[PDB]
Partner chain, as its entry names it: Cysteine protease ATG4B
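Okay, so here's just one chain, in structure tokens, the form solved without the partner chain.
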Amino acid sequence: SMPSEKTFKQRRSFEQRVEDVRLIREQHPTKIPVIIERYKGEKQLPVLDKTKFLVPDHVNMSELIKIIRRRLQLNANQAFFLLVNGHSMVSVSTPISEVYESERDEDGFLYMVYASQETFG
């Protein structure tokens, strides 16, 4: 997986990536901040409509999925898999609220990569 280009986690200035959250923190406190982006080298799935997504702290990480699909507005033939922290969620038994505080970093922003491959590793 020899990476070449920086990651939204690295590239974007942490402090800047932390502040951006502040807003959502002072605006959407009852929401879990996440950063969904195309996998480094993703040519399948289209470029998400947005990068920032406000997930409800009253659902399961799964929802976010059913939510993404809507965004990507893919067909029942298209394959889409949101990788949380770079790892699929084959097992979604945790709330986006926890999955966040269980993954997200001090920054306070989740980082997930979506693509048409959940077993590319």
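Residue numbers count along the first chain shown, from 1.
The same protein also has a form solved in complex with the partner chain, omitted here; what follows describes it.
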Practice problem: Decide whether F120 counts as a contact residue for the partner chain in the deposited complex under a heavy atom distance cut-off of 4.5 Å. | Solution: yes
Practice problem: May I ask you to check whether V47 falls inside a 4.5 Å heavy atom distance of the partner chain in the deposited complex? | Solution: no
Practice problem: Verify the contact flag for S91: yes if a non-hydrogen atom of it lies within 4.5 Å of a non-hydrogen atom of the partner chain in the deposited complex, no if not. | Solution: yes
Self-check item: is_contact(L83, the partner chain) in the deposited complex, heavy atom dist at most 4.5 Å
Solution: yes
Exercise. Would you mind checking 69-87 for residues with a heavy atom within 4.5 Å of the partner chain in the deposited complex?
Key: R69, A76, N77, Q78, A79, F80, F81, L83, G86, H87
